[PDB]
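Data block below; observations after.
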Amino acid sequence: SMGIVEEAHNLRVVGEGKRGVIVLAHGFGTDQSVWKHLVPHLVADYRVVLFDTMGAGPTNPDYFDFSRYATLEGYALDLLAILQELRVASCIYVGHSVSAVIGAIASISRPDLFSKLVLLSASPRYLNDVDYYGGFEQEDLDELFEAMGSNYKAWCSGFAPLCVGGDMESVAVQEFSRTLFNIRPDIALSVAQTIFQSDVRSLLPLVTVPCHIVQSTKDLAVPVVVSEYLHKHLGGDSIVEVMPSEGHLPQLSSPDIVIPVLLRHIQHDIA
């Protein structure tokens, strides 16, 4: 229907609402299905754009250009190309995990395209640094990459429960383990490296669009102080809400708690 963007990113547009356009962008290891519980709440007031990030399970690996995605800039360029194709004057953008940062980077280039950013499970840097707590030391990354490269399937089964949190036998843990294992293992290792070694802290002052910073109180990959870091270093107005949820994909695993929070941040503007 919409062409290369639709074929390459499985782009879907639903809803017939007139308050505006909402773009939903998923994190590493999942796909647009991560939004399944949010979309029904948005279609009455909004037009909702869903897409899969290049290299996600449902995408064709033949379109994955390793040089393009060597930095997160390539993902931000993909997002700008989607927004331009869509002929959006502006949108509410909800970015999960790495897509939070991808949106923020895109918004530096084209602040006109974004009325606000909702940053769910966001971090500007996973590695600790001097006076900065991201939750990870380089040794932890080396152990992670070693598992990923030794037996990716076993890694997926062992990682899913830690990342999703809550009960191990839950539908959500099984679902994420499956979407993780849909990533071709060479793409998975490459992208994980790119993400886990990225550091966009010095870019945050350039972000001028209002940002709503939403995360789980207990999230393996995002210590709560990271929300505070974002709040103190973004270049525009921001607000933080730490949810009484566990896990890095809480819109999938605890929607009864999380969907109301996301809807409030979508609907209510900060001064």
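Ligands are numbered from 1 in the order shown, residues from 1 within each chain, and chains are lettered A, B, ... in the order they appear in the structure tokens.
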Quiz item: What's the 8 Å shell around residue 216 in chain A, counting only C-alpha atoms, without same-chain residues fewer than 4 positions away, as a list in words?
Solution: residues 121, 224, 242, 243, 244, 245, 246, 247, 248 and 250 of chain A
For this session: Determine, counting only C-alpha atoms, which protein, DNA and RNA residues have an atom within 12 Å of an atom of residue 165 in chain A; residues of the same chain fewer than 4 positions away are not included. Present the result as a PyMOL selection string.
Result: chain A and resi 158-161+169-174+176+216-221+245-250+252-254
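Take the candidates A:156, A:120, A:230, A:259 and check each one against residue 185 in chain A using only C-alpha atoms; the shortest distance goes to A:156.
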Using only C-alpha atoms, which residues of range 163-234 of chain A come within 10 Å of range 38-60 of chain A, and what is the closest atom pair for each, with the distance in Å to one decimal? Give it as a Markdown table, sorted by chain and residue number.
```
| residue | atom | partner | partner_atom | distance |
| --- | --- | --- | --- | --- |
| A:178 | CA | A:57 | CA | 9.2 |
| A:179 | CA | A:57 | CA | 6.2 |
| A:180 | CA | A:57 | CA | 7.3 |
| A:181 | CA | A:57 | CA | 7.6 |
| A:182 | CA | A:57 | CA | 4.3 |
| A:183 | CA | A:57 | CA | 4.4 |
| A:184 | CA | A:57 | CA | 7.2 |
| A:187 | CA | A:55 | CA | 6.5 |
| A:188 | CA | A:55 | CA | 7.9 |
| A:191 | CA | A:55 | CA | 8.3 |
```
Output C-alpha atoms for every residue in that selection, as a tab-separated table (two decimals), in the first residue's frame.
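Result went into out.tsv, see below:
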```tsv
chain	number	residue	atom	x	y	z
A	178	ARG	CA	10.12	-16.05	20.79
A	179	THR	CA	10.43	-12.53	19.32
A	180	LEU	CA	14.08	-12.40	20.52
A	181	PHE	CA	14.79	-15.70	18.73
A	182	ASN	CA	13.20	-14.34	15.51
A	183	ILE	CA	16.23	-12.03	15.08
A	184	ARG	CA	18.82	-13.55	12.80
A	187	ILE	CA	21.99	-9.15	13.32
A	188	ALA	CA	21.16	-9.77	16.98
A	191	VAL	CA	22.80	-4.62	17.06
```
Mind checking which residues fall within 10 Å of residue 95 in chain A, counting only C-alpha atoms, ignoring those fewer than 2 positions away in the same chain, and posting them as an MDAnalysis selection string? chainID A and resid 23:27 92:93 97:104 117:122
Let's have the selection written as a PDB file, in the first residue's frame, with N, CA and C atoms.
```pdb
ATOM      1  N   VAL A  23       2.901   7.652  16.716  1.00  0.00           N
ATOM      2  CA  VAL A  23       3.832   6.698  16.163  1.00  0.00           C
ATOM      3  C   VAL A  23       4.358   5.867  17.322  1.00  0.00           C
ATOM      4  N   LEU A  24       4.288   4.537  17.186  1.00  0.00           N
ATOM      5  CA  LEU A  24       4.758   3.615  18.230  1.00  0.00           C
ATOM      6  C   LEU A  24       5.947   2.848  17.663  1.00  0.00           C
ATOM      7  N   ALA A  25       7.054   2.860  18.411  1.00  0.00           N
ATOM      8  CA  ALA A  25       8.334   2.310  17.988  1.00  0.00           C
ATOM      9  C   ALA A  25       8.848   1.397  19.090  1.00  0.00           C
ATOM     10  N   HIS A  26       9.105   0.139  18.733  1.00  0.00           N
ATOM     11  CA  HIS A  26       9.445  -0.890  19.717  1.00  0.00           C
ATOM     12  C   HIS A  26      10.956  -0.990  19.977  1.00  0.00           C
ATOM     13  N   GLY A  27      11.335  -1.649  21.099  1.00  0.00           N
ATOM     14  CA  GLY A  27      12.743  -1.855  21.402  1.00  0.00           C
ATOM     15  C   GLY A  27      13.320  -3.164  20.854  1.00  0.00           C
ATOM     16  N   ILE A  92       2.762  12.529  17.928  1.00  0.00           N
ATOM     17  CA  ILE A  92       3.176  12.063  19.248  1.00  0.00           C
ATOM     18  C   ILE A  92       3.966  10.783  19.034  1.00  0.00           C
ATOM     19  N   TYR A  93       5.198  10.731  19.548  1.00  0.00           N
ATOM     20  CA  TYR A  93       6.031   9.580  19.330  1.00  0.00           C
ATOM     21  C   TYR A  93       6.259   8.861  20.657  1.00  0.00           C
ATOM     22  N   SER A  97      12.484   1.559  24.815  1.00  0.00           N
ATOM     23  CA  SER A  97      13.851   1.100  24.905  1.00  0.00           C
ATOM     24  C   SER A  97      14.733   1.891  23.913  1.00  0.00           C
ATOM     25  N   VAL A  98      15.478   1.203  23.033  1.00  0.00           N
ATOM     26  CA  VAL A  98      16.368   1.890  22.084  1.00  0.00           C
ATOM     27  C   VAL A  98      15.560   2.849  21.192  1.00  0.00           C
ATOM     28  N   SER A  99      14.290   2.556  20.924  1.00  0.00           N
ATOM     29  CA  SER A  99      13.494   3.464  20.086  1.00  0.00           C
ATOM     30  C   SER A  99      13.192   4.808  20.764  1.00  0.00           C
ATOM     31  N   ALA A 100      13.242   4.870  22.098  1.00  0.00           N
ATOM     32  CA  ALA A 100      13.144   6.132  22.801  1.00  0.00           C
ATOM     33  C   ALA A 100      14.285   7.039  22.365  1.00  0.00           C
ATOM     34  N   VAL A 101      15.504   6.503  22.363  1.00  0.00           N
ATOM     35  CA  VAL A 101      16.685   7.283  22.001  1.00  0.00           C
ATOM     36  C   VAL A 101      16.679   7.583  20.503  1.00  0.00           C
ATOM     37  N   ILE A 102      16.226   6.618  19.714  1.00  0.00           N
ATOM     38  CA  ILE A 102      16.151   6.823  18.264  1.00  0.00           C
ATOM     39  C   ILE A 102      15.245   8.006  17.974  1.00  0.00           C
ATOM     40  N   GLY A 103      14.068   8.075  18.640  1.00  0.00           N
ATOM     41  CA  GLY A 103      13.150   9.196  18.466  1.00  0.00           C
ATOM     42  C   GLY A 103      13.784  10.513  18.881  1.00  0.00           C
ATOM     43  N   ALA A 104      14.451  10.502  20.039  1.00  0.00           N
ATOM     44  CA  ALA A 104      15.082  11.704  20.539  1.00  0.00           C
ATOM     45  C   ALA A 104      16.106  12.236  19.542  1.00  0.00           C
ATOM     46  N   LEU A 117       7.528  13.465  22.986  1.00  0.00           N
ATOM     47  CA  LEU A 117       8.156  12.166  22.974  1.00  0.00           C
ATOM     48  C   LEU A 117       7.772  11.537  24.296  1.00  0.00           C
ATOM     49  N   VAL A 118       7.237  10.305  24.225  1.00  0.00           N
ATOM     50  CA  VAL A 118       7.074   9.454  25.390  1.00  0.00           C
ATOM     51  C   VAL A 118       8.174   8.401  25.320  1.00  0.00           C
ATOM     52  N   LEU A 119       9.053   8.431  26.329  1.00  0.00           N
ATOM     53  CA  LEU A 119      10.253   7.624  26.403  1.00  0.00           C
ATOM     54  C   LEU A 119      10.014   6.540  27.434  1.00  0.00           C
ATOM     55  N   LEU A 120       9.769   5.305  26.967  1.00  0.00           N
ATOM     56  CA  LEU A 120       9.434   4.195  27.839  1.00  0.00           C
ATOM     57  C   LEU A 120      10.644   3.263  27.947  1.00  0.00           C
ATOM     58  N   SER A 121      11.109   2.995  29.171  1.00  0.00           N
ATOM     59  CA  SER A 121      12.231   2.112  29.395  1.00  0.00           C
ATOM     60  C   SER A 121      13.501   2.601  28.691  1.00  0.00           C
ATOM     61  N   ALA A 122      13.725   3.916  28.727  1.00  0.00           N
ATOM     62  CA  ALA A 122      14.802   4.615  28.028  1.00  0.00           C
ATOM     63  C   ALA A 122      16.075   4.724  28.871  1.00  0.00           C
TER      64      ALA A 122
END
```
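When only C-alpha atoms are used to measure the gap to residue 215 in chain A, the shortest distance among A:232, A:96, A:153, A:264 belongs to A:96.
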From a DSSP calculation on the backbone, collect every residue of range 131-223 of chain A in alpha helix (DSSP H) and output the set as a PyMOL selection string. chain A and resi 138-150+152-164+171-181+185-196
Restricting to only C-alpha atoms, whichever of A:34, A:108, A:211, A:76 is closest to residue 237 in chain A is A:211
Worksheet entry | Shell around residue 132 in chain A at 12 Å using only C-alpha atoms, local window under 2 positions removed, as a list in words | residues 123, 124, 125, 126, 127, 128, 129, 130, 134, 135, 136, 137, 199, 201, 223, 225, 226, 228, 229 and 230 of chain A
Dump as a compact mmCIF listing (two decimals), in the first residue's frame, selection limited to N, CA, C and O atoms:
```txt
# COMPACT_ATOMS: atom_id res chain seq x y z
N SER A 123 17.22 4.63 28.20
CA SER A 123 18.51 4.96 28.81
C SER A 123 19.44 5.59 27.77
O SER A 123 19.50 5.16 26.63
N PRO A 124 20.19 6.64 28.13
CA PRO A 124 21.16 7.23 27.22
C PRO A 124 22.50 6.47 27.16
O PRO A 124 23.33 6.75 26.29
N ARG A 125 22.75 5.58 28.14
CA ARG A 125 24.00 4.84 28.23
C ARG A 125 23.82 3.71 29.25
O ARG A 125 23.39 3.96 30.36
N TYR A 126 24.04 2.46 28.85
CA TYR A 126 23.93 1.34 29.76
C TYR A 126 25.17 1.20 30.66
O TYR A 126 25.04 0.83 31.83
N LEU A 127 26.37 1.40 30.12
CA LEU A 127 27.61 1.30 30.91
C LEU A 127 27.68 2.35 32.00
O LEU A 127 27.39 3.52 31.80
N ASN A 128 28.17 1.95 33.18
CA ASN A 128 28.50 2.92 34.19
C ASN A 128 29.64 3.79 33.68
O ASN A 128 30.45 3.38 32.86
N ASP A 129 29.69 5.00 34.24
CA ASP A 129 30.84 5.88 34.04
C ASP A 129 31.10 6.60 35.36
O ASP A 129 30.39 6.37 36.34
N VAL A 130 32.09 7.49 35.35
CA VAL A 130 32.35 8.35 36.50
C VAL A 130 31.09 9.17 36.77
O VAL A 130 30.60 9.88 35.87
N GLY A 134 24.47 3.42 34.96
CA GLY A 134 23.62 2.89 33.91
C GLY A 134 23.22 1.45 34.16
O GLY A 134 22.27 0.97 33.56
N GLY A 135 23.91 0.77 35.10
CA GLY A 135 23.54 -0.58 35.48
C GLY A 135 24.48 -1.68 35.01
O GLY A 135 24.29 -2.82 35.41
N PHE A 136 25.46 -1.37 34.14
CA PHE A 136 26.28 -2.39 33.50
C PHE A 136 27.75 -1.99 33.54
O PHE A 136 28.11 -0.83 33.35
N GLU A 137 28.60 -2.98 33.84
CA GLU A 137 30.04 -2.89 33.66
C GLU A 137 30.43 -3.62 32.36
O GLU A 137 29.69 -4.49 31.86
N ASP A 199 26.28 5.83 23.67
CA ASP A 199 26.30 6.83 24.73
C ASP A 199 25.86 8.16 24.14
O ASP A 199 26.68 8.86 23.58
N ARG A 201 24.48 10.62 25.99
CA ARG A 201 24.30 11.60 27.04
C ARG A 201 24.57 13.04 26.58
O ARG A 201 23.84 13.95 26.97
N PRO A 223 18.18 1.33 35.68
CA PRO A 223 18.07 1.80 37.06
C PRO A 223 17.19 3.05 37.10
O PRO A 223 17.19 3.84 36.14
N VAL A 225 17.47 5.78 38.65
CA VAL A 225 18.21 7.03 38.55
C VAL A 225 18.38 7.48 37.08
O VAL A 225 18.58 8.66 36.84
N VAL A 226 18.37 6.54 36.13
CA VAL A 226 18.48 6.95 34.72
C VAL A 226 17.33 7.88 34.33
O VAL A 226 17.58 8.81 33.56
N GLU A 228 15.91 10.08 36.23
CA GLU A 228 16.32 11.34 36.81
C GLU A 228 17.41 12.00 35.98
O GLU A 228 17.39 13.24 35.80
N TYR A 229 18.36 11.19 35.48
CA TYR A 229 19.42 11.68 34.61
C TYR A 229 18.80 12.30 33.36
O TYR A 229 19.15 13.41 32.97
N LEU A 230 17.89 11.57 32.74
CA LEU A 230 17.26 12.11 31.53
C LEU A 230 16.58 13.45 31.83
O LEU A 230 16.71 14.39 31.07
```
Test item, strand (DSSP E or B) assignment across range 139-270 of chain A, answer as a PyMOL selection string: chain A and resi 211-218+238-246
Please produce a file of the residues just selected, as a CSV table (one decimal), in the first residue's frame, where the atoms kept are N, CA and C atoms.
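Produced file selection-v5.csv, reproduced below:
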```
chain,number,residue,atom,x,y,z
A,211,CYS,N,9.3,15.8,26.8
A,211,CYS,CA,9.6,14.4,26.9
A,211,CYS,C,8.9,13.9,28.2
A,212,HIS,N,8.2,12.8,28.1
A,212,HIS,CA,7.6,12.1,29.2
A,212,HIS,C,8.4,10.9,29.4
A,213,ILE,N,9.0,10.7,30.6
A,213,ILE,CA,9.9,9.7,30.9
A,213,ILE,C,9.3,8.7,31.8
A,214,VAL,N,9.0,7.5,31.3
A,214,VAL,CA,8.2,6.5,32.0
A,214,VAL,C,8.9,5.2,32.1
A,215,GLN,N,9.1,4.6,33.3
A,215,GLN,CA,9.7,3.3,33.4
A,215,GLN,C,9.2,2.6,34.6
A,216,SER,N,9.5,1.3,34.6
A,216,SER,CA,9.3,0.4,35.7
A,216,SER,C,10.2,0.7,36.9
A,217,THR,N,9.7,0.5,38.1
A,217,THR,CA,10.5,0.7,39.2
A,217,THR,C,11.6,-0.3,39.3
A,218,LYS,N,11.4,-1.5,38.8
A,218,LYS,CA,12.4,-2.6,38.8
A,218,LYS,C,12.5,-3.0,37.3
A,238,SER,N,10.3,18.3,30.6
A,238,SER,CA,10.2,16.9,30.9
A,238,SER,C,9.4,16.6,32.2
A,239,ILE,N,8.9,15.4,32.3
A,239,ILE,CA,8.3,14.9,33.5
A,239,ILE,C,8.6,13.4,33.6
A,240,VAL,N,8.8,12.9,34.9
A,240,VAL,CA,9.1,11.5,35.1
A,240,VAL,C,7.9,10.8,35.8
A,241,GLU,N,7.6,9.6,35.4
A,241,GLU,CA,6.7,8.7,36.1
A,241,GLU,C,7.3,7.3,36.2
A,242,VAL,N,7.7,6.9,37.4
A,242,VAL,CA,8.2,5.6,37.7
A,242,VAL,C,7.0,4.8,38.2
A,243,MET,N,6.7,3.7,37.5
A,243,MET,CA,5.5,2.9,37.6
A,243,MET,C,5.7,1.8,38.6
A,244,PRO,N,4.7,1.4,39.4
A,244,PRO,CA,4.8,0.2,40.3
A,244,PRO,C,4.7,-1.1,39.5
A,245,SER,N,5.6,-1.2,38.5
A,245,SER,CA,5.7,-2.4,37.7
A,245,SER,C,7.1,-2.9,37.7
A,246,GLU,N,7.2,-4.1,37.2
A,246,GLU,CA,8.6,-4.7,37.0
A,246,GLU,C,8.7,-5.0,35.5
```
